[PDB]
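Below is one structure; the comments refer to it alone.
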Number of protein chains: 2
Amino acid sequence: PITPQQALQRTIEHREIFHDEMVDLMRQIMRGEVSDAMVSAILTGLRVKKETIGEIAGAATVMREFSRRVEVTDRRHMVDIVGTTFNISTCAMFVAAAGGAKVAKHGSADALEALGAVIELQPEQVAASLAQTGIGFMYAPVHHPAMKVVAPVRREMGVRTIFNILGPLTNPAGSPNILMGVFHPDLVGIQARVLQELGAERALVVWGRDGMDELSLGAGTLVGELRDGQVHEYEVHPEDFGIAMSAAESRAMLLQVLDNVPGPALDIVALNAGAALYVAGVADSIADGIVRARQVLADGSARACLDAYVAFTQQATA
Amino acid sequence: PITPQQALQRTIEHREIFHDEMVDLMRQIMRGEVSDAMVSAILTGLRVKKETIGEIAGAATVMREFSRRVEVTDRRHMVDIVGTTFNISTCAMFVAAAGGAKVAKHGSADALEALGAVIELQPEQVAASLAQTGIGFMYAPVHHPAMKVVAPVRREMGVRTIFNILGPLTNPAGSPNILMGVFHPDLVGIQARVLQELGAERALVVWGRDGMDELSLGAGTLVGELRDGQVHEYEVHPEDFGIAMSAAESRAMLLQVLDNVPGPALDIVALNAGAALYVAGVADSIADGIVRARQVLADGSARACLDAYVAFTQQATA
């Protein structure tokens, strides 16, 4: 046990709050037991000091506790796709699902409902869509109801805090494999190691150098890979994979991609979907993932999967 | 101009808020314009980073603006006595006033009213007591009404913040000379330099190594002296001045001192009153201040001054 004042004092001494203390503390916060002023103080102390792997992991453990999980039965080849310009990850999710992955995605939510899908699915219905279509879209307000507790204080502070990086770690479907885009290059090495601490088996954490929370087409992408109990950092470029560099209609662009219309739009989707198939265990390499991704775009099966998903969400909510 | 969010972001980048920005910021805070959560965040960022001379001086400049000043006409040999076990400074104030200083003291307040004095004096009445008796006691709620604005957020945080060190800097009577006891040895060098920045002519800032906010009798005392545009730090011991070391009745102890009853109680008062006479410009040295202090204890004029003060406060408030 630790009290909020003790935690504030600890950050004032520039010291880390230990994993077990952070668990105890975040539980009090998420239960609504800590005042806005005490929360903003603790969040600031953490931010000035900068947060450690232990602090982030302990906090994310509690965020998962307050999340509504999705209990999927067939956990073969899962990937949790998460991030921080059209809906690239949303388009890539149908491609990866067509190529053989079970794809869980957070939310994009605007894209799917203007495409025919229902968004207000209960966690039991997401489990059902994953089983039937290989696609699991998780509407954040449904799966993260306790975030309302700290929403006003976060809005008043305005600055980024630890909460800005905890959401992506929640993984409510419990995928062992994660594709995560991040906001800042520092977070590539941090989040890969937090994921390892949280028990992920495989992860790719990516930041495009042109400020993209995904594998970019306009610059190199920094990648942090968790594999076989180890984290390795490296950089990829579109040219490595045979792809040229590239500097209301977001649904138009999405739809043209699934129709196999060539262009930069298709290429960035094929790239990111490829990465998802690699981390899901379906593809031997990212390059191999891209090949698979292109084939399911070409045979129209990525399109068909979007349609099976929509149709599912409309039948389920009747 | 700076916004509270900009100030919070600045401390997050471990950077100092400049003197002019701090003035603008503290004015918004003291006007009640900044939410409790935003204030606690800014205070925490400042505390983790640790505050600079510029930040403290700019903030204290605003505290003075929101204070109710005392306009004393005869400013010869003034000393502002301020701090953070009986009422030593309160007892020393009558001794120093008897020895020739015009003494302004913050509040102790409990001691004086259980001695006959009225405490709720308006700043114009304090000016009158200083002119008549050489004693000016300033009841903090009267002179610092705006501190109510941040009192709840300070109470909720629990930890020390910059406000804990701004109060002693307010100097509502505008004495050029200050005797200040502090809470922590770091504050000796800090506060001497903040006082210089605020335009003090002379100061002694003291911390007893046994945890005393005054010149101690049970250990050495760290002293920071501002004199002639320069700050010098050194240590004093009771033995340096010919005083042996020493390891409801607070009014009894006070009263016996003014009655010239020898003991450790008298000695610590003579010591601190001596320091006050030195910084006020009355005495050539601290040692010389102690001699003067002992003489006004012995001739009963320190006692008479307490009585003149009480009588004044009872006549003024009728």
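The values are calculated or read from the model by the stated rules, or taken from the named source; nothing here is a laboratory result. Note: ideal-geometry Cβ built from the backbone for every residue, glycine included; neighbour counts use all protein chains shown.
Computed values, structure above
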read-out: Check on B:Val79, surrounded by 23 or more Cβ atoms within 10 Å (Cβ to Cβ), in a loop (DSSP other than H, G, I, E, B) and away from chain A (no Cβ under 14 Å); value: no
read-out: Scope region A:14-38; condition at the interface with chain B (Cβ under 9 Å from one of its Cβ atoms) and either touching a strand residue (DSSP E or B) at 6+ places or on another chain (Cβ under 7 Å) or closer than 15 Å to A:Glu55 by Cβ (or both); matching residues; value: A:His14
read-out: Residue list for region A:156-185, filter: within 14 Å of another protein chain (Cβ to nearest Cβ) and within 24 Å of A:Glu225 (Cα to Cα); value: A:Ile162, A:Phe163, A:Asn164, A:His184
read-out: Members of region A:296-318 found to be polar (S, T, N, Q) and surrounded by 14 or more Cβ atoms within 10 Å (Cβ to Cβ), listed by number; value: A:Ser301, A:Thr313
read-out: Residue in region A:296-312 that is over 17 Å from A:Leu204 (Cα atoms) and β-branched (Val, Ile, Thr) present; value: yes
read-out: Condition broken by B:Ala41, with the remaining ones in (1) away from chain A (no Cβ under 14 Å); (2) surrounded by 18 or more Cβ atoms within 10 Å (Cβ to Cβ); (3) assigned to a helix (DSSP H, G or I) satisfied; value: (1)
read-out: Any hit, region B:106-128, residues being more than 19 Å from B:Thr317 (Cβ to Cβ) and touching a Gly at 6+ places or on another chain (Cβ under 9 Å); value: yes
read-out: Answer residue from region A:143-155, given it is closer than 30 Å to A:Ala308 by Cβ and crowded, with 19+ Cβ neighbours inside 10 Å and is farthest from the other protein chains (Cβ to nearest Cβ) among those; value: A:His143
read-out: Helices (runs of 4 or more DSSP H) contained in region A:231-318 and holding at least 3 residues among the polar types (S, T, N, Q) and closer than 30 Å to A:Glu120 by Cβ; value: A:301-316
read-out: Helices (runs of 4 or more DSSP H) enclosed by region B:112-221 - at least 2 residues per element that are acidic (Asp, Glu) and out of contact with any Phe, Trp or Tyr (no Cβ under 6 Å at 6 or more places or on another chain); value: B:186-197
read-out: Residue check, B:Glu51 within 21 Å of A:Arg154 (Cα to Cα), assigned to a loop (DSSP other than H, G, I, E, B) and not assigned by CATH to the domain that holds B:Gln191; value: no
read-out: Looking only at region B:44-62, and only at residues there that are surrounded by 23 or more Cβ atoms within 10 Å (Cβ to Cβ) and closer than 21 Å to B:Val142 by Cα, the one that is nearest to the other protein chains (Cβ to nearest Cβ); value: B:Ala59
read-out: Flag for B:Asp213 being over 30 Å from A:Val39 (Cβ atoms) and either buried (at least 16 other Cβ atoms within 10 Å of the Cβ) or in the same structural domain as B:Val34 (by CATH) (or both); value: yes
read-out: Selection status of B:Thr3, within 14 Å of chain A (Cβ to nearest Cβ) and crowded, with 24+ Cβ neighbours inside 10 Å; value: no
read-out: Pairs where the first residue, in region A:300-316, is assigned by CATH to the domain that holds A:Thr90 and the second is surrounded by 18 or more Cβ atoms within 10 Å (Cβ to Cβ) and among the polar types (S, T, N, Q), C-beta under 6 Å, 6+ apart; value: A:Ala308/A:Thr133; A:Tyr309/A:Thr133; A:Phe312/A:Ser129; A:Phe312/A:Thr133; A:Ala316/A:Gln125
read-out: Subset of region B:276-310 [within 13 Å of B:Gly100 (Cα to Cα) and among the small types (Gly, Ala, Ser)]; value: B:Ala276, B:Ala280, B:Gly281, B:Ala283, B:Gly289, B:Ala293, B:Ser301, B:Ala302
read-out: Tabulated pairs, region A:1-23, first in the same structural domain as A:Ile53 (by CATH) and farther than 18 Å from A:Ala37 by Cα, second surrounded by fewer than 17 Cβ atoms within 10 Å (Cβ to Cβ) and aromatic (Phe, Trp, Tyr), C-beta under 7 angstrom, 6+ apart or interchain; value: none
